[PDB]
Amino acid sequence: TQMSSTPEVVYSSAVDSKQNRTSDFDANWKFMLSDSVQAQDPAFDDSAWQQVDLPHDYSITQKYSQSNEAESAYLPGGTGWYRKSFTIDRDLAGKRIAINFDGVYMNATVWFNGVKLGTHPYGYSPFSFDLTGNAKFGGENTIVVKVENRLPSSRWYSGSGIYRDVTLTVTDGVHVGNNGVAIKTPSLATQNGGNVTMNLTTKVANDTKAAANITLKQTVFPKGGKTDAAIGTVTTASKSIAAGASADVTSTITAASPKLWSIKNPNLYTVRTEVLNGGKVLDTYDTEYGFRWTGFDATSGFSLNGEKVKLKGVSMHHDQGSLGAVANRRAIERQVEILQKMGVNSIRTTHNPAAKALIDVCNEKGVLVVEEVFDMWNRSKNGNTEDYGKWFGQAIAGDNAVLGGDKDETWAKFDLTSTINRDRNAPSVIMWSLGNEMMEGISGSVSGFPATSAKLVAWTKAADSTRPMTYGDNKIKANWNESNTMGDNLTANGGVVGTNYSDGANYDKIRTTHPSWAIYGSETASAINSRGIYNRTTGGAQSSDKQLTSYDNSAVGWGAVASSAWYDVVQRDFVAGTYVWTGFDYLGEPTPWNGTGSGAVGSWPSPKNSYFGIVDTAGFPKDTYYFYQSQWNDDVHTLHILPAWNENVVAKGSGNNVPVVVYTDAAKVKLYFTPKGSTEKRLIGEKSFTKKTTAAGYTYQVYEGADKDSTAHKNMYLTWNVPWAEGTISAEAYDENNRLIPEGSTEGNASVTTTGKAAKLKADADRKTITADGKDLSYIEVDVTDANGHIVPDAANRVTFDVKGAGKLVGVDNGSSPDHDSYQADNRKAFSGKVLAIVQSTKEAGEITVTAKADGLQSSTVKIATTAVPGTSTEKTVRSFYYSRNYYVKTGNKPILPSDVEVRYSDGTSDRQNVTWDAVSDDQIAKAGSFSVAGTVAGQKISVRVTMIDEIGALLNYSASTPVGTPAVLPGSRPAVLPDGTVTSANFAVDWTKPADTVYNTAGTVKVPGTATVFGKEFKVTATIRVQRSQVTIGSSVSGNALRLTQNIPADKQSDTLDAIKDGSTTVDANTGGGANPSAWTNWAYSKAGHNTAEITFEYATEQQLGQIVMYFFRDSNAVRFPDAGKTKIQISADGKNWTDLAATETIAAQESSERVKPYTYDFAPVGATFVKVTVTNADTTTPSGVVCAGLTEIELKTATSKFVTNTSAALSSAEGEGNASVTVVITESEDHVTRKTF
Ligand SMILES: [Ca+2]
């Protein structure tokens, strides 16, 4: 008979010349998550695929799983397929067409109309493909992107897919190049106020079969204004450009007193370049520009446009919380807004190129961007074997037609040059950061690094002379040689040197040791706090309740608290600024509950997001935020109190005394307390700041009274000890002249109060009007208050959102790290009294009513209006058609097409109307191949794909591999094989008789039967899946990379040199004639004092994935003796506090490795350790000296990596497939469904 695909919503997508040069291409893509499918061919039946609008993250929608890794948010990646079908109007004949991706994470492969264009590994750099050569003009075309985010690939939540805008560029054959215009104003600093010299260079490509005679007409005018407001023009002399050649065309414009781009006044200009042949304009290319200049002085730091500025910076990862990696413009904009309110003036794009959207935002909003291109270089971090390290140094394939950067060297060059090409004209970008902690979390020699650095520096210099390059190095603090060489070379090429995690003392060491260097804190603080937690005042370690104090006393081992990292910076004019880790919490890296390896950390649900943020994933500030504001925002006055004032949440100690903290930019603060129901405020105390100002003119405040904190940095804020009592702690603020600061004008909580029980929801939306573009967002904060409207400190009431109208709920969040509730749910628990709902617009104007509801609490309701995009027609238009477009008919039978199809309109109305289908050739009916059929409805042309089948021999069998503990995902469908060799692109839905999930919890092969009914005839298919364990490979020692190596033994009773045990040598110096041994460590001293044991502890700044430990114990004649078997013990932790015994096997080697050195090898399954404490117990023997001792020359802590290997072969053995390949009866398919070899 015939079978038909189920009815899908068909959107008609069209590319004509009526469209703008570059057009949004985000809409109407089909997506499918599938490790197995092959969807490259335009014929493929994508009817059953999910329709999505880009940008889109396909990781964020999958479910959390302990088999994944903490760093990457316990969320999976895998293989995603995007397909989009569209007509190219025949008016585009002659024109050139290109597709542009701003980001695709990661390992993208692109086909156009079945032709494979190429690949792009890196997940954050932008890239392009030409479609011209392969386009079918006046016809149906199909672009296909295959995204393979094979984990592990990130130390943070990557997300997966096309997470950033796609566009189409249509141009004449003679056109300005990709990112073709480069603007320089070499003298602006000098010319400022007068006429400014602009030097343009423009790549003009002649992609025609004829030499071309071209002139450029360039015009600089204010962005958003008309050309007649230009402040400069030029028209070039004729340049002849040969056929299929291109040329760089230099021009100069004189700008009539351009308005400077500044932080306060981010004035932008447009620079339009027209390509002229004869009279006619062939191409017109705009680029956004700002007039601005920077300077770096090694003593007085940074300056913008002549004024001295302090870089008050945050590091920001790319994800947008509950929305995942999706680079939604408004999401991104909102982040910047919140940061600006904090007093931020700079963002470091840690550790990868930003979305253009961010750059765009920063350009208009006036924020300095340090755009970082890379994290790791040629060596991967944290055993993320699939991270860009894999690709950094690889050459580009000859057949790879990817575009955007230089293809003549490595991916590194391409990705770097591509990013610079995109952003070269952006006023906001002040520096190119070329790497981050390049030598952290890696293995093997680093001697190559300084050379790799220079290579990158050179490339950058050549790519963009106009901005200093930089990096963020965390071994400057360790005085590594490599780190020093690299900074000289930075300095030598006009770079600024970023030190990560330096204390004040170290900042000073650098200046003295490196006077040439201009330095900043490239990454600072890394303080770890949750929002609204007050019941303790300590942290920096794994808590029982999976949260951390909001007081600024909690930080990682390598970092420091906010007070500290700012204090160390503000005081030193020569430390140009700070880039705090981080501005906003990000998904992944849940330090102190971090995991570089597979498995849950603590009890599940484990924390899945960060604690570093000043602001949580939802955009709710933590308390520390108001500290930063107090220190950074000179356009507001901060006066903020913590903690919240309820019995159950405060931290009582020293007789009911609770540390009350105040953050403020005021000169004097009087703190009052009012007992409940009373109306009389009792003054608890009064404190005055000291307003110091540095030589360069940066002015800060410290408290220097008698009750000042002993540790200096804590005096950047005020702390009182109030006794706990129901009531209201308020504070009033006075300026330098002792004039009171008005009660209204303060920012932050001017008073905390004891609250009632949870009573009402108050819900407010950030914007009451948004654009009806399917893009814009409204952010709805919901607080849980008592009867009087006081936010309830510990409220965790599950709130349910009812979204009705011209919108839809796209996310819900609370910024709670261990909450695993779906982001894409209609409900979520409040956390510390707050919950967020994100609502997105539709493409039709209307109203959105959103209702926050919770059990036993007064509902709240907000109204949001969506306004239509200017120029959308009020008269109703055709939207889409609902019908089945795929028909498989038996040969000799006429195709039975439907008489009618459901039509949708802009109104959302649905009318079923009739279709007049084209005639089907008699030849075609018995032809036994595929063809398309046109019809017409409501003026528009619909199409249907028909494939004719004579007979089907069988359906191809399937084979895969799965990790033990993870059930195999079986294919939705299987392809058809003719009695003829030929394998069809026609797939038929299979129903599997699935075994229990438990079957996959042991190693072995597993057969699963499944059957599909094809033209009434049921066919029998076997899926033979192989369940496998990880393949673990042990690496080299990382003892060298230790952040710290301490000793149990007190200072006075230590003997020999400890640091010797990570020096990479195993032998003992015989050290005859006394003195401390430089080659080895011992406990001789402590032993003599009668101490039986000793504890050596390695600390790391990143969790190490250990796979083996080898201890090189030694012996002498007098005292030191090899320890007894099984007595030496190892332990591991994530914080330095909570320990765990390493389950290991000891092997004492047969022979000594070197005279009087024997290696004890400890074996164990891979485990993550940020700390490793070896407890050495002396032998139970007697010695000539009568003192028994233990001694070590080296402790090698070897790392390990795990892969899940899936085989590649189509060959046969015993029939059976060699690499568990699918046997079909013999055509075969490898375990990786890539190579099918028929024999
Ligand atoms: Ca050694």
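The rules we used
- Residues numbered from 1 in each chain as written, not as in the entry; some residues may be left out.
- Heavy atoms only, no water.
- Residues with missing side-chain atoms left out of burial classes, pairs and counts.
- UniProt positions renumbered as here; feature names shortened; annotations may be inferred.
- Helix = DSSP H or I, 4+ residues; strand = E, 2+ residues; numbered from the N terminus.
- Rg over C-alpha atoms; globule rule 2.2 N^0.38 Å.
- Pairing = 2+ DSSP bridges.
- Axes fitted to C-alpha atoms, helices over the stretch in contact; angles between N-to-C directions.
- Contact = heavy atoms within 4.5 Å.
- Polar contact = N/O pair within 3.5 Å; in protein donor to acceptor, adjacent residues only side chain to side chain.
- Core = buried A, V, L, I, M, F, W, Y, C linked by side-chain atoms within 4.5 Å.
- Buried < 20%, exposed > 50% of the residue type's maximum accessible area, 1.4 Å probe, protein only.
- Donors = N, O, S within 2.8 Å, 3.2 Å for Na, K, Ca; no water.
- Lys, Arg positive; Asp, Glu negative; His and termini not counted.
- Salt bridge = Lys/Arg side-chain N within 4 Å of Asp/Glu carboxyl O.
- Domains from an automatic or database assignment.
- Buried area = accessible area lost by both parts, 1.4 Å probe.
- Expected span 1.5 Å × (residues − 1).
- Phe/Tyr/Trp six-rings, centres within 6.5 Å; stacked < 30°, edge-to-face > 60°.
- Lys NZ or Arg CZ within 6 Å of the ring centre and 35° of its normal.
- Parallel < 35°, antiparallel > 145°, perpendicular 65-115°, else oblique.
- Left-handed = near helix turned anticlockwise from the far one by under 90°.
- Nonpolar A, V, L, I, M, F, W, Y, C, P; charged D, E, K, R; others polar.

- The PDB entry annotates the protein as Beta-galactosidase originating from Bifidobacterium bifidum.
- The title attached to this entry in the PDB is "X-ray structure of a multidomain BbgIII from Bifidobacterium bifidum".
- Per UniProt, the protein has the following entry under Sequence similarities (unreviewed entry): "Belongs to the glycosyl hydrolase 2 family."

Brief notes about the overall build of the protein
Step number 1: A count of helices and strands for the protein gives 12 helices and 77 strands.
Step number 2: Its C-alpha atoms give the protein a radius of gyration of 33 Å, within 12% of the compact-globule value 33 Å for 1239 residues.
Step number 3: Each principal axis of the C-alpha atoms in the protein carries an extent, and together these give about 105 × 80 × 70 Å.

Thoughts on the sheet that holds strand β57 (residues 940-949)
Step number 1: On the basis of which strands lie adjacent, the open sheet formed by 4 strands has the order β1-β53-β57-β56 and mixed pairing. In this open sheet, the two strands that pair with only one neighbour each are β1 (2-4) and β56 (930-937). Put simply, the sheet's adjacent strands are angled 25 degrees from each other on average, direction ignored.
Step number 2: The sheet contact formed by β56 and β57 spans 8 bridges and is antiparallel. Note that in β57 the partner of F931 across the bridge is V946.

Some remarks on the UniProt feature "binding site: Ca(2+)" (unreviewed entry) in the protein
Step number 1: UniProt records the feature "binding site: Ca(2+)" (unreviewed entry) at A1060, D1063, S1065, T1193 and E1194, using the numbering of this structure. For the residues just named, distributed over 135 residues, the greatest C-alpha separation is only 8.7 Å, placing them together at one site.
Step number 2: Tracing the chain through its elements places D1063 in the loop between β67 (1055-1056) and β68 (1081-1082).
Step number 3: Residues contacting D1063, with those up to four places away along its chain left out, are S1079 and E1194.
Step number 4: Of note is the side chain of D1063, whose polar atom sits 2.8 Å from the backbone nitrogen of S1065.
Step number 5: Considering the arrangement of structural elements, one finds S1065 in the loop between β67 and β68.
Step number 6: Here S1065 is in contact with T1193 and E1194, once residues within four sequence places are set aside.

A look at the nonpolar core
Step number 1: Within the largest apolar cluster, 159 residues are counted, with the highest numbers of intra-cluster contacts made by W29, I99, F101, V145, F374 and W645.
Step number 2: Sort the elements by how many residues they give to this core and helix α9 (residues 562-570) lands first, with 6 residues.
Step number 3: With residues near it in sequence (within four places) discarded, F101 still touches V110, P126, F127, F129, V145, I162, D165 and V166.
Step number 4: Counting residues in hydrophobic clusters, the runner-up holds 31 residues, among them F1098, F1122, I1130 and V1176.

Let's talk about the coordination of the calcium ion
Step number 1: Donor atoms from the polypeptide that bind the calcium ion are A1060 (O), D1063 (OD), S1065 (O), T1193 (O) and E1194 (OE), placed at 2.3 Å.
Step number 2: Along the chain, the residues donating to the calcium ion fall in the pattern A-x2-D-x1-S-x127-T-E.

What to know about the sheet that holds strand β77 (residues 1236-1238)
Step number 1: Ordered by their spatial adjacency, 3 strands build an open sheet running β75-β76-β77, and the pairing between neighbours is antiparallel. Unpaired on one side and paired on the other, β75 (1222-1224) and β77 mark the two borders of the sheet. The sheet shows a mean angle of 15 degrees between the axes of neighbouring strands, direction not considered.
Step number 2: Note: β75 against strand β76 (residues 1227-1229), 3 bridges, orientation antiparallel. Across the sheet, residue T1224 finds its bridge partner in β76, namely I1227.

Concerning the side chain of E482
Step number 1: Mapping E482 onto the fold places it in helix α7 (residues 481-492).
Step number 2: Lacking a salt bridge, the buried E482 has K475 as its closest oppositely charged neighbour, with an N-O distance of 9.8 Å.
Step number 3: Setting aside anything within four residues of it in sequence, one finds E482 in contact with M439, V446, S447 and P450.

A look at the environment of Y163
Step number 1: The topology assignment puts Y163 in the loop between β12 (139-149) and β13 (166-171).
Step number 2: In the structure, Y163 is positioned 742 residues away from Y905 in sequence and 29 Å away in space, judged by C-alpha atoms.
Step number 3: When sequence neighbours within four positions are dropped, the list of residues in contact with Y163 reads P55, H56, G103, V104, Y105, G123, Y124, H318, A325, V326 and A327.
Step number 4: Within the structure, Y163 has its side chain in polar contact with the backbone oxygen of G123 (distance 2.6 Å).

Focus on the domain arrangement of the protein
Step number 1: For the protein, the domain assignment lists domain 1 (2-174), domain 2 (175-290), domain 3 (294-631), domain 4 (639-753), domain 5 (760-867) and domain 6 (1032-1203).
Step number 2: Taking only C-alpha atoms into account, the centre of domain 3 sits 32 Å from that of domain 5.
Step number 3: Residue-level contacts link 25 residues of domain 3 with 28 residues of domain 5.
Step number 4: Taking both sides of the interface into account, the surface hidden between domain 3 and domain 5 amounts to around 2,100 Å²; carbon and sulfur atoms contribute 54%.
Step number 5: Considering only the side of domain 3, the residues that lose the most area to domain 5 are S322, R531 and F620, jointly responsible for 29% of the buried surface there.
Step number 6: Taken together, the connections running from domain 3 to domain 5 amount to 1 salt bridge.
Step number 7: Residue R330 pairs with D766 through a salt bridge whose shortest N-O separation is 2.9 Å.

As for the pattern of salt bridges
Step number 1: Under the defined criterion, the tally for this structure stands at 61 salt bridges.
Step number 2: A salt bridge links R329 to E333; its shortest N-O distance comes to 3.2 Å. Of this pair, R329 and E333 both sit in helix α2 (residues 329-342), 4 residues apart, which is roughly one turn of that helix.
Step number 3: On the basis of relative accessible area, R329 is assigned to the partly exposed category, the value being 36%.
Step number 4: Where salt bridges share partners, they join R329, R330, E333, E337, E364, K365 and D766 into one cluster.

Brief notes about α2
Step number 1: Between its first and last C-alpha atoms α2 spans 20 Å; for 14 residues at 1.5 Å apiece the expected length is 20 Å, and the two agree.
Step number 2: Of all the 14 residues making up α2, 10 are buried; the element is thus mostly covered by neighbouring parts of the structure.
Step number 3: Buried residues along α2 sit against β26 (311-315), β27 (346-348), α3 (356-365), α10 (624-632), β45 (777-785) and β49 (834-841).
Step number 4: Sitting at the head of α2, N328 places a side-chain oxygen 2.9 Å from the backbone nitrogen of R330.
Step number 5: Positive backbone phi, at 100 degrees, marks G343, one or two positions downstream of α2.

Comments concerning the packing of aromatic side chains
Step number 1: Overall, the coordinates contain 44 aromatic pairs when judged by the stated rule.
Step number 2: On the basis of an interplanar angle of 55 degrees and a centroid distance of 5.0 Å, the ring pair of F296 and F302 is categorised as tilted.
Step number 3: On the basis of relative accessibility, which here comes to 24%, the residue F296 falls in the partly exposed class.
Step number 4: The ring of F574 has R511 sitting right over it, with the charged end atom 5.3 Å from the ring centre.
Step number 5: Note that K1173 overlies the ring of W1139, its terminal NZ or CZ placed 4.1 Å from the centroid.

Considerations on the side chain of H1233
Step number 1: Take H1233: it is sitting in the loop between β76 and β77.
Step number 2: By relative accessible area, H1233 is classed as buried at 12%.
Step number 3: A polar atom in the side chain of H1233 sits 3.0 Å from the backbone oxygen of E1231.
Step number 4: If sequence neighbours within four positions are ignored, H1233 has contacts with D35, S36, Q38, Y958, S959 and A960.

Thoughts on the packing of helix α5 (residues 411-423) against helix α6 (residues 449-463)
Step number 1: With their axes 10 Å apart at the nearest point, α5 and α6 run at an angle of 30 degrees to one another. Considered as vectors, α5 and α6 are oriented roughly parallel to each other. Between α5 and α6 lies a crossing of right-handed hand. Contact residues: α5 offers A412, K413, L416, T417 and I420, while α6 offers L456, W459, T460 and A463.
Step number 2: Taken together, the residues that form the contact of α5 with α6 break down as 6 nonpolar, 2 polar and 1 charged.

Some points on the packing of α6 against α7
Working note: a packed helix pair is described by the angle between its axes plus the distance between those axes.
Step number 1: Their axes nearest at 9 Å, the elements α6 and α7 cross at an angle of 20 degrees. As judged from the angle between their axes, α6 and α7 are roughly parallel. Where α6 crosses over α7, the handedness of that crossing is right-handed. From α6, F449, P450, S453, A454 and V457 reach across to α7, where they touch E482, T485, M486, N489 and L490.

Side note on unusual backbone geometry
Step number 1: The residue after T591, namely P592, is reached through a cis peptide bond having omega 10 degrees.
Step number 2: The topology assignment puts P592 in the loop between β33 (575-581) and α10.
Step number 3: In this structure, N28 is a non-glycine residue whose phi angle is positive, near 60 degrees.
Step number 4: Inspection of the secondary structure puts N28 in the loop between β4 (22-24) and β5 (29-33).
Step number 5: Among the residues examined, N28 registers a relative accessible area of 16% and is labelled buried.
Step number 6: A positive phi is found at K546, a non-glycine position, where the angle reads about 60 degrees.
Step number 7: With respect to the helices and strands, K546 occurs in the loop between β32 (519-525) and α9.
Step number 8: Relative accessible area serves as the criterion here: at 15%, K546 is assigned to the buried category.

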